[PDB]
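J.: The structure is given below, and queries will be raised subsequently.
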Ligand SMILES: [Zn+2]
């Protein structure tokens, strides 16, 4: 639920989080500290159809 | 019209002058800040930095002006070594931070950790 909005065919590997962790679970996988880069929030470029 | 300190031209249309922040305390003062917690020299992060000549011209570093004996000074928000945040949040502001001795680099082996670092007395 925390991850910033992306659009079909997103290719930028490193991007800012733009927001804090929302769920417990999120807090746990991001670490009890700050980290700027969000890595691999990239999704497939699906056919226009 | 040329700067007698950095050489830059005055009709150069990229040329810019330095704008301090208020807080802006000089180097020794800021260093004695609690926002900061194997060298006999402190080691801090530093954000929103600017480099300039005595006359206040923004200046590159790679151009070897430090090596031609030219005093370059800097300013921004010093942060706590562990502090990952590049916003000016948990930082104290410095100004005319002592003439730059050396400038260095590191990160040429492992990951993309090419960190640029300034050295002061
Ligand atoms: Zn100058």
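Since chain B takes its numbers from Swiss-Prot, the residues it shows come out as 357-393, 405-488.
According to its header, this structure was worked out by X-ray crystallography, 3.3 Å.
For all residues, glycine too, the Cβ spot is worked out from N, Cα and C.
Quick paste of what Swiss-Prot says about this protein:
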{"type": "BINDING", "residues": "B:359, B:362, B:420, B:424", "note": "Zn(2+) binding site"}
{"type": "MOD_RES", "residues": "B:372", "note": "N6-acetyllysine"}
J.: What does the structure give for the C-alpha distance between residue B:359 (Zn(2+) binding site) and residue B:372 (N6-acetyllysine)? Integer Å is fine.
T.: 12
J.: Starting from the Cβ of residue B:359 (Zn(2+) binding site), draw a 10 Å sphere and report how many other Cβ atoms land inside it.
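T.: Step by step: centre on the Cβ of residue B:359 (Zn(2+) binding site), count other Cβ atoms within 10 Å, giving 18.
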J.: Can you check which residues sit near residue B:420 (Zn(2+) binding site), meaning Cβ under 8 Å from its Cβ, same chain, 6 or more apart in sequence, and list them in order?
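T.: Listed in sequence order, they are B:359, B:361, B:362, B:364, B:426, B:432, B:437, B:438, B:439, B:440.
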J.: In which DSSP state, out of helix, strand and coil, do we find residue B:359 (Zn(2+) binding site)?
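T.: In three-state terms, residue B:359 (Zn(2+) binding site) counts as coil.
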J.: Can you list which of these recorded positions (B:359, B:362, B:372, B:420) have a Cβ closer than 6 Å to ligand 1?
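T.: Going through B:359, B:362, B:372, B:420 in sequence order, those close to ligand 1 turn out to be B:359, B:362, B:420.
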J.: Between residue B:424 (Zn(2+) binding site) and residue B:372 (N6-acetyllysine), what is the CA-CA distance rounded to a whole number of Å?
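T.: So the alpha carbons of residue B:424 (Zn(2+) binding site) and residue B:372 (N6-acetyllysine) sit roughly 6 Å from each other.
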J.: Which chain-mates of residue B:372 (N6-acetyllysine) that are at least 6 residues away have a CB under 8 A from its CB, listed by sequence?
T.: B:424, B:425
J.: Other than B:359, B:362, B:420, B:424 themselves, what residues in this chain have Cβ atoms within 8 Å of the centroid of the Zn(2+) site's Cβ atoms?
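T.: Going along the sequence, the neighbours come out as B:361, B:363, B:364, B:419, B:421, B:422, B:423, B:426.
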J.: When DSSP is mapped onto helix/strand/coil, what comes out for residue B:420 (Zn(2+) binding site)?
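T.: Looking at the DSSP assignment, residue B:420 (Zn(2+) binding site) belongs to a strand.
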